[PDB]
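Report on the structure given below.
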Amino acid sequence: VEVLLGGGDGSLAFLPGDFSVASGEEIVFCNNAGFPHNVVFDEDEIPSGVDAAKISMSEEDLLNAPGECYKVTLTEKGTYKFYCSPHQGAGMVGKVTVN
Ligand SMILES: [Cl-]
Ligand SMILES: [Cu+2]
């Protein structure tokens, strides 16, 4: 599935922000507006056994360009809470349920 990074209206948001995906299904986070953006999963908000370092972009990596995206494939079932480092304080966070 595809999630847009930033609304055209200026919102620093994941569109959709709360969504579901089946185990093994990919999620492609594409820059839309308001970038730089990046996608970082909260180590304390991801299913048991998942390595946040494998499913996250480095806090120092940013999708700085308009056509850039970040693809991640999640398998362990449960909810995962992720955010954008630069806009975390502005409310740019999201949740995905892997069923
Ligand atoms: Cl992992
Ligand atoms: Cu951002």
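Just so it is clear, none of the values below were taken in a lab; they were calculated from the coordinates. Here Cβ is always computed from backbone atoms with ideal geometry, including for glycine, and neighbour counts include all displayed protein chains.
Quick notes on this structure:
- Residues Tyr70, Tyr80, sorted so that the one with the fewest Cβ neighbours within 10 Å comes first: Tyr70, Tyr80
- Dimensions of the chain from C-alpha coordinates, computed as largest minus smallest value along each principal axis and given longest first, are 34, 24, 21 Å.
- The chain, relative contact order [Cα under 8 Å, separation at least 6], %: 35 percent
- Stretched out straight at 0.36 nm per residue, the stretch from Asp42 to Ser23 would grow longer than its current Cα-Cα span by 5.0 nm.
- Summing +1 for each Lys or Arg and -1 for each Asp or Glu among the other residues whose beta-carbon sits under 15 angstrom from that of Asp42 gives -4.
- Residue of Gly34, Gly89, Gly17 that the Gaussian network model of the chain assigns the largest fluctuation, springs spanning Cα pairs under 10 Å: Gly89
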